[PDB]
Structure formats: structure tokens, C-alpha cells
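There is one chain below, alone, in C-alpha cells, taken in the form deposited in one PDB entry.
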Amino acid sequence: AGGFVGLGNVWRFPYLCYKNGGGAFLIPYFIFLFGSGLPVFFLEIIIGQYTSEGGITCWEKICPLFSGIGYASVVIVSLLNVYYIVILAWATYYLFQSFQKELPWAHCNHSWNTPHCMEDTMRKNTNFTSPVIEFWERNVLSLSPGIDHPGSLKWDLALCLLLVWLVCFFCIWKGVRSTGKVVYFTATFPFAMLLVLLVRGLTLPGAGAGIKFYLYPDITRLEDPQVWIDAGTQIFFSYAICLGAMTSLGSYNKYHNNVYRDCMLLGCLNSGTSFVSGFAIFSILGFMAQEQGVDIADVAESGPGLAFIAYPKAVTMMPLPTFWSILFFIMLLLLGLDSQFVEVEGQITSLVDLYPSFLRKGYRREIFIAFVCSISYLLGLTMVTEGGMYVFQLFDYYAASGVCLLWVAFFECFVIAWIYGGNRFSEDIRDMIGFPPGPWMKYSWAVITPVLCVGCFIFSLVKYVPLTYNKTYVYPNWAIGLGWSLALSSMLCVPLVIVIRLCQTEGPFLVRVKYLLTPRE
């Protein structure tokens, strides 16, 4: 299935790895991968099949009290769909800029370029700046000095967001998806371009340095909480778990297949292509270090812009750079567009199933899809302004990643493992797929996953360190509060639902608890 490769792999993993110093990210990344990553991904898919309904309705058949998990999930996809599409706007802008005789980021001789620029080759023939980096910052981004200075709304980027959103609306409205012969090209094209990029990176005259930085752990980094949540939550983000889409995916259709084998096959492959595409990014960074005569830790931005700094450099050192630059962004667009369709479609399905009486009562569903895209487009405008990067960084860290995913993951395992009961869950899976989860799955939900999620959460709070764009910009206090509001918007679902249903139920307290703990309500 195409949704198990995406911008989480080719854009999110390399930047987080680079931000956390590289090889020290891989220790907590693998620990969560098997400890919680795969076991939770199997858990969600079973829930969807077991009920054969949306991510919100299923919990009614498992533990009515904790139905808020479904609400917590649907809000997460709503926030994710707002800022994830912004990456397609940057790719769209790059693609149009690629339709030129010479790529603008190859050299710095234009009006938007600083007087401090020095070409990489001549930089080692001061506080010089590479043309590639400042093209991203000044031309594509026009970075503001801080989040407190929104600046002007970039009209060019606003049109790019409109173009991608329009494509999403028509595709969703008309149900356009890869089902025919085009599936071979759509699925194969990401891996074909990534192999060429990977080969280009390794063959660079300084690839070796980058791959050592990528793989050798600085174990003194593991004494900081940041790398544990960043690594652990990246597993949840990249698997699209805790979003409720996987529950909807299972309910859509599943039969005559071993779900256990499929989930491990999908989950190992999704993680493999992140690790594999890590070499490509770091290999390029290694070469940029020696060419620029600076540390590998400082060559590029320690943020979402890494993918828009490294890969554009790689395409510049290939025969006919324009040809490969075009192919890259029509692979960053198609790989990200298919993902956007799945989560926009899932969000629409999740929302209509709550109020089918009015929205799903007729043709209003078409109007609802336009409304969802419209409001999302307006929300995305905040991240298109000159200071939009700080908003985008804030959204990525908090809106649909970080503690919020841990919050959802902990309750999902806890409810099934202890409240619903592990034995009953294993009993269900026996009926569905014929064999029990086994000790690895049973203990992971019961012990490993709750402990890891809880441990990271406490370890963060005890050793709290505030978010910072790149590695030098400190967010203001109000900005941090806004970020926590986005994360709390999903976490607060579970407690809010619990109290609402405890109040909306008749009888003494204990009767209400017993009634809402028993499934099938």
C-alpha cells in the first residue's frame, strides 16, 4: 500500500536525526521500533478489523469510557492535514523554480542574495553563506527574524498552497486514486529516484565522513530527554498510528490474509526506507562539510528545511541538473500527494460518520469536503507568511507529534491490556486471524509500551528543555504556550469524554463506571 512510504521517511526522519546529532537518534529509534512501534501498529489494525468501523466507533465496542481516544485521534489528523500539506507547497514552489535554464540555488548572483555569499568550491580556495542554504531561507522562505514578526504573506507560496489544495479537492471529490496501470509508476517512482540520490550521495568525495556521523552514537546525547521523544514519536508519526487512519484502513476491507505477517512486512519496510534514505541525506551532508570546511553538525539547517537544503544540492552535481531537479519534486509531490489524499479522505469519513443525519444525508458531503479544504487552506496561510517557518516548526513539534502521540499510545495499550483485558484481546485475534498475538505482542502492550510512553513523558518534564527553531532561535513564552495548546487539544479529549459520559449516564457512580467499562455500548 502506497501510504506506507511518505514525507515522514524522506523529509521527517533525516531532519530529526540531524537535529539530535545523528547516530545517537538510532538507539532510542530502534528501541521504540520493536518495543512499541510494531506492536502498536498491529494493535490498531486489529481494532479496525474487529469492529469494521471508524476509529471513533470502535472504542464503543471495547471500552465506552475511553471513547475519547477516537476523538483524540481525529483532532490529530485535522491538525496534521493543516501543516503537512505546507511541505507540498514548498515542493510546488521548487518545481516551478526548477523550470529554468539554471537552477537558482546553484549559485548566488541574484537580487535576493546576501553580500556574504561564497560558492562552496571557492569557500575553501569568515561568516560566508552557501547559496543553497540562503535560497531556501531568503527566496523560498524569506525567513522572518522571529515568530513575533509575521511579515507579509508570500503571494507565490499562497498560490502554491491553493494549487495543491485544489488538487486534493478534485481528487477527493472525484475519488481519483492510483488503481490502474499508473500504480506501477506511482509506487515505483519514489524508490527509483531515491536509489539514484542514494548512489549520488555515497560517491561524493566526502560521503564517508557523513556516514560515520550518521551511525556512530554520541552516547552522552542519550542523557537528554529530547532524543527519546523525538525518536520514539517519529515511529508513531511515520507509521501514521494514533491518528485513527489505520483503524479505518482495517475496517475498509481485510480478509483471507495473515494480518500479522502483513503488519510486520509493512512496518519493517517503512522503517527500512527511512534508515536507507538516511545514508543519502547524511552522505550529502558529509560532502558539504568537506567542501565548505565546516563541521557536519553545522553544514545545514537543524530543522524541517534540511530536505530542502541537502537534496537540492545533490541534484546540482548530476548531469543536466535541471532534468533531475524536475524529477525530484514531481516525486516529492506525488509521494506526499497520495499521503494527503488518504488522511483527508479519512478525516472526511471520520467526521461524516459522527453526523450522518445532516452531512451524509445527501449531496451535502460534497459541500462538506469543500468546507474542510477551505478552512484548512485558511489555517495554512499562517505558515506561508515570512514568519511561517516558526509556526510550521511549532506545529510539527506539538500539533501532530511529540507527547500527544505518546498520550494516545499509552491509553490504547493500557485500555486493551488492563481495562478490556489482554486475554480477551488475544481471544478476539484468535477468532479473527486464527492464532494468538504471542508473548512479544502480549507483553509489549501490557508492560513495554506503557512504560516507555510514561517514562519518556516523565523524563521530559523532569529534564524539560524548550523548543528552539534550528539551534539558536529561542521561541517566546507565548509561542511555547500556543504549541502546548495544540498538543493539549488532543490529550484533553480523553479526560473530557470520560467526564462527559460519567455525567451523561444514569445511576450511582460505580454503576456508571461499571456500565461504561463494559464493552458494547
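Numbering starts at 1 and follows the sequence shown. Here the rigid core means the biggest group of C-alpha atoms that line up within 1.5 Å when the two forms are laid on top of each other.
Residues with no coordinates between residue 125 and residue 126, taken from the deposited sequence as a class: The entry has a gap there, with 4 to 9 residues left out between residue 125 and residue 126.
Just so it is clear, the following notes concern the form deposited in another entry, a form of the same protein that is not shown.
At a threshold of 2 angstroms on the CA positions, core aligned, which residue out of 361, 110, 116, 212 shifts between the shown form and the other one? Only 361 moves by 2 Å or more at its C-alpha.
Any CA movement of 2 Å or more for residue 258 between the shown form and the other one, core superposed? After core superposition, the displacement of the residue 258 C-alpha between the shown form and the other one reaches the 2 Å mark, so yes.
Residue 175 C-alpha relocation of at least 2 Å between the shown form and the other one, rigid core basis: True for residue 175: a C-alpha shift of 2 Å or more.
Specify closer or farther for residue 248 and residue 176: how their Cα atoms are spaced in the other entry versus the shown form, given a shift of 3 angstroms or more. Closer is correct, given that in the other entry the C-alpha spacing of residue 248 to residue 176 is reduced by at least 3 Å.
What direction does the residue 254-residue 272 Cα distance move in the other entry compared with the shown chain, closer or farther, given a change of 3 Å or more? Compared with the form shown here, the C-alpha atoms of residue 254 and residue 272 sit farther apart in the other entry, by 3 Å or more.
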